[PDB]
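Right, one structure below, let's go through it.
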Amino acid sequence: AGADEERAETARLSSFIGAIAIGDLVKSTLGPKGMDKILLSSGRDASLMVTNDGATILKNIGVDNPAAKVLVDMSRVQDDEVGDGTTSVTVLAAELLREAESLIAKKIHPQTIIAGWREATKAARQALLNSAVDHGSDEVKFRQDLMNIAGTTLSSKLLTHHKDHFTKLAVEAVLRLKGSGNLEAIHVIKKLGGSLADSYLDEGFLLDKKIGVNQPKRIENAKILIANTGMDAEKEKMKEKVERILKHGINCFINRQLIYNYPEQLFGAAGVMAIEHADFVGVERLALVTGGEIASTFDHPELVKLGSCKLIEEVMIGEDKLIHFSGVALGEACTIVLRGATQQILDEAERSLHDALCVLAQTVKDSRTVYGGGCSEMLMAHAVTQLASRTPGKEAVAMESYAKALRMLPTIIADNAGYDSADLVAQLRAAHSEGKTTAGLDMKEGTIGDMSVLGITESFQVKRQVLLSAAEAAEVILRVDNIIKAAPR
Amino acid sequence: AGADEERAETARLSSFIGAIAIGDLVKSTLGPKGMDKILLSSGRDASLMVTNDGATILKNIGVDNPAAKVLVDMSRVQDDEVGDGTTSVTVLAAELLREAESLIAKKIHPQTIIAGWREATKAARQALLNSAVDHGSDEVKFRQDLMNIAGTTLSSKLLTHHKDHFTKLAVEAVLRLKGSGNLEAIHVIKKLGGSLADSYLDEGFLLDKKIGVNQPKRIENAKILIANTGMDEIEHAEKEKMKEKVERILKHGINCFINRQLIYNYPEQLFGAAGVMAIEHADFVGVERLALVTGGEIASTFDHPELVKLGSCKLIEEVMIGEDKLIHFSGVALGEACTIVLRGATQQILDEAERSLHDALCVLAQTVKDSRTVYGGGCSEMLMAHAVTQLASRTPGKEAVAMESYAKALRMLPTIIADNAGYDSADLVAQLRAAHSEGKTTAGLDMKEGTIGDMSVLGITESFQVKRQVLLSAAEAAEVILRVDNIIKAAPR
Amino acid sequence: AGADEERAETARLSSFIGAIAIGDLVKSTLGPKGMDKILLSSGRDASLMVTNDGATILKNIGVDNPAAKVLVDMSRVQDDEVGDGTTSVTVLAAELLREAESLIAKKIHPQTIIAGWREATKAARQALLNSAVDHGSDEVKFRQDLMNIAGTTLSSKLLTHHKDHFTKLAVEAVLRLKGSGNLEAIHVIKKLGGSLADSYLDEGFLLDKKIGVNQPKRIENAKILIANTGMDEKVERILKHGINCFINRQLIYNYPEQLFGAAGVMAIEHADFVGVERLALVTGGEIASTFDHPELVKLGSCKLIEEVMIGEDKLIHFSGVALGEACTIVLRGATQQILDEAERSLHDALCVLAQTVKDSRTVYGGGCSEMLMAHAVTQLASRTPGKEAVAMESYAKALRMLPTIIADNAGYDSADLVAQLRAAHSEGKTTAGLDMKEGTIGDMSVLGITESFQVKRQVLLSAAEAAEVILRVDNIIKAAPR
Amino acid sequence: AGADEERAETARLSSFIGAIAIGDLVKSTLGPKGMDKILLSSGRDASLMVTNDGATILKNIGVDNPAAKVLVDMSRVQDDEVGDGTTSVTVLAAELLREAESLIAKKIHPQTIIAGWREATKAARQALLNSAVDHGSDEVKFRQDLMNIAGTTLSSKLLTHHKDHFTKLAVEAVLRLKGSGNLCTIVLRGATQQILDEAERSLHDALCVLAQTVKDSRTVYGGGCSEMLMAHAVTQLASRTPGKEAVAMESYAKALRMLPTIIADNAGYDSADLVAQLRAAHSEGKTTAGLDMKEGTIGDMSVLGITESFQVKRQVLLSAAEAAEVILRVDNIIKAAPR
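Each protein sequence line maps, in turn, to chains A, B, C and D.
In terms of the UniProt record's numbering, the first sequence is residues 14 to 245, 270 to 526.
In terms of the UniProt record's numbering, the second sequence is residues 14 to 245, 266 to 526.
In terms of the UniProt record's numbering, the third sequence is residues 14 to 245, 277 to 526.
In terms of the UniProt record's numbering, the fourth sequence is residues 14 to 196, 371 to 526.
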């Protein structure tokens, strides 16, 4: 075992230290004034690596004994099925830990303070609910689809000089997949070969493989075959495969594993295009697209198999050969595909398309967003301060401490702008109090202005996940009983 | 230089340390201000686990060299006879060891001390189950059906602001469950909006699942099918799996199919045309209880229908719950098994109700079996303390010495309840003892008040087994530690 | 390593330390309220072993350089010709050494002090002089066989609620074990089925194995064959012998198995070697080699061998045996922690009872022998010559501690007990002794506690006689390499 | 430590120290009250062993670095022709070394002193005449067959209480051994191993003494009677010889005095009270009178019947001078290159 045993105030402190270290590095990364960062490390890194996105660097390395790594791990789940935009979820969570020093003065027990979280719901819910922020997102929508939040996600990243346009393309992908929950079957690739727009949109799925030097280049009214088992007396295997194949009219074969050489000669003459070691992730997503099939042994063809017969072909779009799957009857799942100029910046586009894709799917379906530039946060602060006075006995302590926390956010945005935040903090406060949700910190202005004109909106999901996760972590470690061994691993 | 052997006083200490280590962690769990805790481990442990229940976490891990794992193992037999109540059995065992420091100055004989346990054989029979306390817990009971023990188990959870009313309902469910076939038949769900009352009772089982958009709205004279295995010549075989399902199905009159896992697409089309309602990926916890409810079935392969399946036949439908529509299973022949649905007042988790469901009836099965109870909130505890003082005096010489020390132990329990409250502990002890001394069994510790109050009004009462089984548990593993005094030799320095 | 060099004062001290260390552990063990203990070691030891019987743990372990193991080794000789009842032999010998401190003060000739050992024969008289005990034990004894001393060995042990019946069974084992066949061939095991009797007695040797489902039910005028080499020609000369049963210690070849069934011969697969070695003594033996082994080279006793269902499982019984030296008992029981401990008691019971029959004498237990013994010896130190007397009087006060230990483990006050105890014994009642349940003094005979006369004789012969050599020795015991 | 190489004053000491170390264990062996002594060893040794006879235990093992094992080896050849009585050859040989402390102060040729051994031949002849020898014997002999010297050999042994009886038994064995043949089976009681075979070698000594008693035709009074008489006469002898002869004469004579002292002490009576009375009776002319240990004084040895074989006394006298003589003449036992 390891047996590192935590005692009262020396338990709370480890959580406290982890939060402060993360906040300074992540703070400069936010929005339009976001910045790239580089890292050099001990062990096997041997050099300085630069990642604009905070989440990618945190998972790669677990530097020291206090455990902040687990808090870090959670952000990815957010990133794959929602996620990023700007990194603020970690920052807000960290700031709530500072107040705990104040809490020892209270000196009862942390759990009584925990009442703040029920009220975190009441104070915050009013805050998200202070309204405007979201235009409404009617459904698909002609121009509100983008030139908003995806563009800002890109803003912290340099590729935005010509990649603002790439971001615009991504919303089209989310609109066609709306309904039945969210994200499944979305993938993106980039091709070396320049164009001003830097992109091509495929109505189907993009795969990078070829059967061999021989085989028909284009297939029509294609049938798709997926096998759980590889192709690998021998002639009898050859004979079974040919007999079943001709009747179906099979135009393409996709198998997720190693493929045997004998069938390959047959596929070329037959007029059937096969793919060696096709990636499973593409196949499962593809299956929703083609209606799928139950993949068994060679008995698999015809009815137990369901293929989509619109158009499959391998297309030279520039340099590297790719295969285009097109014509999804289901309509539920689609891809996108990207082009470039042949630059380091282009590979960065790959980095941010994922960033763009996740935000919009959630933005459209949740039917909510918040005003950026701290508009939502200052307004939230004004509403919460009166709330503490309103609440009774056990209610009126937890909520009050939470309320002053919101004050710091306006201050952080003003400084990164460069203007004096002291003037800024209450000049800002007066505008939110007045009733303009659209008003907030304008970094470009240097004072306060209209956020809505700017076009910065934050996904409603990015804001709820951050606030709930912020202190749940704080309360769990202090409580910890009979800790066992050590190290997250 | 190795051996790992130790001298008289030191040997006693290794056992002594184990009791103190466990007591502080279990300490936070007790009473209304109880806390949830997390653990991390290496070596066939996946991730952090948090267990509200003290017994579950102790069973899973053999943490270190000191002896205490066997002490821990015993609590499970207790969590069979009755259950968790509120964890406290482990705490009492630990305090037994503190006096031992005093015992060095006892100046007589440690083996002689062992005779106290012999005394305890007839002492766990005296103070325990032979004192005053309440007049309650025989079958049914109208006024004291609840407004009792559910509230104390519930006390550890802060939701008790409205939750205590929720706990009131729980015994009505227990009364119907009494009979043959111990326990597993109860399910509960929470809702996102509602009234001051905060909860409703439904005649049948509550579920939030649907086969698909298509299928008949309602079924009568319903037959229920439960399958362990999912629905998920070979090309023809799919047609045949489809054929076996319909052939067996039509003769029975199959009204509803419930499967605990993923369901194959081919059957779905069949069920819609047939007029059969099925549930995809229904969770296991609802299923085991439902089986007890219907009359059971043997869940095997597709042969599962007809005789091997027993199905109740009143009404299965999706219906009326205030804001959310759920599928109601009702009119079951057993009647032993029934459901308290509840609805949510609206606080963050409110998933609390699912945990409280389990809490409500397991304790109660023993309630009919014991025909007896005690008053919770430490009411019994101060009363026993005042009463046990007399008991030590009753037994002469050797017999009294083990018994009086035990009596002062009861004093701490009132204090621990006070401690989680946030009120000053010293004040609490004075006020508490006088009320009990007077002769009023109902009076107890009111934590919100900070003083003593009527326990019955809040509720909190304890089942008779929870109070007789626990002391025996306290005396577990502790006895193996010091009844035998032999650890061997010394080889200088 | 050579011979360890110690002289005068220092040499004596090493002997002195060994006796005190052993006495404290053995002390809690004695009597009805004795204690079970657990020991942990390293190297060739697995985990924890618990033995109520003091002799078993001492034989197993020779932990360190100081002298004591040869003394310990001797107790086994004591067991063969009695040894047990309850452990007490080690305790009395140890207290002998405390007096040696007073010896330096005498400052003359420690060897003349040895003459006190001459007085040891008087001790053999006097220690047991203290009033009459028993006198019959004719041989076999239909009623006087048990229901006294065996129970006492068991009383310390937890199992006594039903065990006392099992102990009773053990005398039967001793009766067949009398004479000089050596102390060998006694086999005991426990079984899962439950009954009030809690045990069974078999006239022969028990083995738990079967050839296979096919084969005859029983054999008569049986011939027994044991082979060293595995089965992995047989029928033609097997028929000649008339072979009724074959026992092999290892894996058995399948082909002969079909043949044995038709012939009418029952064979045993993977028979344990330990059972086999004893069996050879039993049947006159044979010489085991290759398949040439049958006929005259093989000797087989011919009573009858059969397989009998005990009640819960199938067992095979070997009985008769012309030679007669070796016999077996098969035990079974109610199924308790207490049943497992039945193993503890039979080993103890066989030896206690075996000497009960040929000892001719027993003593009153519960400290009765010890208090009275103290009273008689005190008068004599004054009567005997000076220095030998000095050793003799000190020895007398040693007996005092035993009364104190028995009362103390019962939870009653040791001080009060000593005063009242001595007056009873002093008066002249042989029967009166310490009643732990009572907390005072009472009649030992009603309890039924008695001790074998020789258990008492070799606790003191080792303390005495041999102790002539203790001061004499100078350099003691170790190992026995490889 | 740091490489040992001892010379003159401390080199002499190593021979000296070996003799004193051996003497303490063996001294208790002599006289009617003696110590049985048992030894247990490591490496192919199984149990504690008991051997009263000093000579064999020394033969069995070579315990330490100082020289003495070769001296020890020699005592066995003594055993072959006579052997025991009591083990006095090793202690008396060692006895001569204590006096050497006096010699350093003498500071005049230690070597001249050594020549005394040559003159010990004169001392050996002195011992004859002095010895106090009886008549009797009469071949076979109904009552004087034993309860004598064997008893003396065994007096020392603790087991004298029971054993003096079986010492008596051994002369019966010697009576059957007489007649045309020179030098049946007897069973003893003991511990267990090879060391038990020590008894065969150790009791070799008892058989021979008795055998000599039947064909010696001569024996001497036991219980120390022989020793005091010889002592009174030898004092005269130094005075009776020329000064070169006399120095090795007179020193040898006082050695005899210690034997009376050891005999009386083990009895249980004051050691020196006995010395006064003992000398007076021998001086008078009664060869029969000697040390009566149970009495604590002096008495008639003949009534006791205790007698020592003429051969035991004859050979010891010759053997003591020859064994002691070689040690002074020879170096320190080492040198000659390659270690």
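Ideal Cβ positions, reconstructed from N, Cα and C, are used throughout, including at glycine.
Asked                                                                                                                          : Found
Proximity test, Cβ basis, 8 Å: residue 341 of chain A and chain B                                                              : yes
Proximity test, Cβ basis, 8 Å: residue 458 of chain B and chain A                                                              : no
Partners in chain C for residue 48 of chain D, counting only beta-carbon separations shorter than 7 Å                          : 124 and 516
Residue 502 of chain B classed as buried or exposed, judged by whether at least 16 other C-beta atoms fall within 10 angstroms : buried
Neighbour flag for residue 519 of chain B against chain C, beta carbons, 8 Å                                                   : yes
The stretch 413–433 of chain C in contact with the stretch 509–523 of chain C per 3-pair CB rule at 8 Å                        : no
Test: residue 121 of chain A CB closer than 8 Å to a CB of chain B                                                             : yes
Contacting residues, own chain, Cβ-Cβ under 7 Å from residue 497 of chain D (five flanking each side not counted)              : 146, 403, 405, 406 and 407
Cβ of residue 108 of chain B within 8 Å of any chain A Cβ                                                                      : no
Test item: CB-CB of residue 64 of chain D and residue 389 of chain D under 8 Å                                                 : yes
Runs of alpha helix (DSSP H) wholly within the stretch 361–423 of chain C (minimum 4 residues, chain order)                    : 381–384 and 386–403
Beta strand (DSSP E) runs contained entirely in the stretch 273–306 of chain A, provided each spans 3 or more residues         : 289–292
Given residue 375 of chain D as reference, the closest of D:386, D:104, D:132 and D:394 once Cα atoms are compared             : D:386
Contact set between residue 453 of chain C and chain B, taken where Cβ atoms lie within less than 8 Å                          : 124
Same chain, Cβ closer than 6 Å to residue 42 of chain C, neighbours up to 5 away in sequence not counted                       : 67 and 100
Contact with chain C by residue 178 of chain D, beta-carbon distance below 8 Å                                                 : no
Separation of residue 412 of chain B from residue 177 of chain C, as counted between CA atoms                                  : 48 Å
C-beta atoms of residue 201 of chain B and residue 354 of chain B nearer than 8 Å                                              : no
CB-CB length for residue 281 of chain C against residue 339 of chain C, believed under 8 Å                                     : 7 Å
Interface positions of the stretch 493–513 of chain B facing chain C (Cβ-Cβ less than 8 Å), listed along the chain             : none
Buried or exposed by the 16-neighbour rule on C-beta atoms within 10 Å, applied to residue 153 of chain B                      : exposed
C-alpha distance - residue 465 of chain A paired with residue 149 of chain A, whole-angstrom precision                         : 26 Å
Three-pair Cβ contact test at 8 Å for the stretch 356–372 of chain A versus the stretch 210–228 of chain A                     : yes
C-alpha distance - residue 76 of chain D paired with residue 157 of chain D, whole-angstrom precision                          : 42 Å
Contact set for residue 110 of chain A: own chain, Cβ-Cβ below 7 Å, skip 5 residues either direction                           : 28, 29, 32 and 511
C-alpha distance - residue 132 of chain C paired with residue 127 of chain B, whole-angstrom precision                         : 42 Å
Beta strand (DSSP E) segment containing residue 231 of chain A, residue limits                                                 : 231–233
Buried or exposed (CB count within 10 angstroms, at least 16 for buried), residue 362 of chain A                               : buried
Beta strand (DSSP E) runs wholly inside the stretch 73–99 of chain D, at least 3 long, in chain order                          : none
Neighbour list for residue 52 of chain C in chain B, Cβ cutoff strictly below 7 Å                                              : 521
Proximity to residue 533 of chain C [Cα-Cα], best of C:94, C:410 and C:173                                                     : There is no way to answer for residue 533 of chain C, as the model of chain C reaches only from 14 to 526.
Below-8 Å beta-carbon distance, residue 31 of chain C vs any chain D residue                                                   : no
Extent of the continuous alpha helix (DSSP H) run through residue 23 of chain D                                                : 21–40
Under the three-state DSSP convention, the category residue 354 of chain C falls into                                          : coil
Secondary structure of residue 238 of chain C, DSSP reduced to three states                                                    : strand
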